[PDB]
């Protein structure tokens, strides 16, 4: 329901926008560069940058400006509070104890998978590997699960923007092979990726669905290719994922 302009705090709209203008390409910003990129006057943007410094979100040498780790607290506020991650935390730690592997819940954010929940159970198998909190879609188990639950339209939309570049020697780079896998995932109800995103990383995932059948999130086990064979991952870990799926149906 459209919000009235009397209710909009402009300093907050522009402040939050400014903070997103820091990047790998723009790690620091001067007043002139920030006025450009943001569309404000130098005099105005300087007040925003100084405000960020005073609040601890930024530092300056008096001419350049860059963000501090405090920016992480924003959005950590989202990870801590978000309903689905809080609902899925206990099952993630249970499956971590049942597998001694790294367990993750993946959701779509933009064109990537984010892992809002990663197991903190500390007894993982000797040789282990943990996925980062933000991963690409086409070469990961949770990404392919998500791609497979899109219909052809958004799929082709994603694939038009993202070209299947190889991240390891083993990455699949042919669109035809990948569509075969994507339909296999929807067929069988689970996905295994063998070292297409990261060397050593074997990942098994299952979809978690809502009552209408739509994809809400994924549940994945990451293990090291030097310990388990795919055979063993299927026989030992997949039934555990199917049990977590069933347990999670009343939570929905």
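Numbering follows the first chain given and starts at 1.
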item: Mean C-alpha temperature factor, higher of 150 to 158 and 125 to 133; value: 150 to 158
item: Residue range whose averaged C-alpha B-factor is higher in the record, 180 to 188 or 219 to 227; value: 180 to 188
item: Residue with maximal Cα B-factor (values as given in the PDB entry) among 205, 39, 69, 210; value: 210
item: Per the PDB entry, maximal CA B factor within 97, 102, 73, 108; value: 108
item: Among modelled residues of the same chain, the CA temperature factor third for residue 89; value: middle
item: Third assignment of residue 244 from its chain's C-alpha B-factors; value: middle
item: B-factor third for the C-alpha atom of residue 168 within its chain; value: middle
item: Chain thirds of CA B-factor: placement of residue 214; value: highest
item: Third of the chain's Cα B-factor distribution that residue 118 belongs to, per the entry; value: lowest
